[PDB]
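Below you'll find the structure, written out as structure tokens, and then a few comments.
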Amino acid sequence: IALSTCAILXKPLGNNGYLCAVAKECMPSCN
């Protein structure tokens with residue numbers, strides 16, 4: 001769980017898919 005293709009395979013739908021949009025990966029200054 002969580003390195004690689006996690007937030008990389010976003011392409012969410014009407015019911016989302018996997019762990020998108022997280023963390024320093026998506027945010028420049030996460031917390």
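A note on labels: chains of the structure tokens are A, B, ... as shown, every chain counts residues from 1, and ligands are counted from 1 in their shown order.
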
**Study point:** Residue neighbourhood residue A:20, 12 Å, only C-alpha atoms, exclusion window fewer than 5 positions, as number ranges by chain
**Key:** A: 2-13, 25-27

Selected residues written out, C-alpha atoms, as a compact mmCIF listing (two decimals), in the first residue's frame:
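For reference, part.txt as written:
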# COMPACT_ATOMS: atom_id res chain seq x y z
CA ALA A 2 0.90 3.34 -1.35
CA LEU A 3 3.99 3.90 -3.62
CA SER A 4 3.90 3.93 -7.34
CA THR A 5 0.73 3.73 -9.00
CA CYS A 6 -1.57 4.68 -6.14
CA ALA A 7 -2.45 8.33 -6.72
CA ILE A 8 -1.08 7.82 -10.23
CA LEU A 9 -4.06 5.78 -11.43
CA UNK A 10 -6.52 8.53 -10.52
CA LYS A 11 -8.99 8.75 -13.40
CA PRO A 12 -11.83 8.51 -10.85
CA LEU A 13 -15.41 7.86 -11.96
CA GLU A 25 2.38 13.49 -4.19
CA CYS A 26 -0.62 15.70 -4.95
CA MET A 27 0.01 18.52 -2.48

Practice item. Using DSSP on the backbone coordinates, identify all residues within chain A classified as helix (DSSP H, G or I); present the result as JSON, numbers by chain. Key: {"A": [23, 24, 25, 26]}
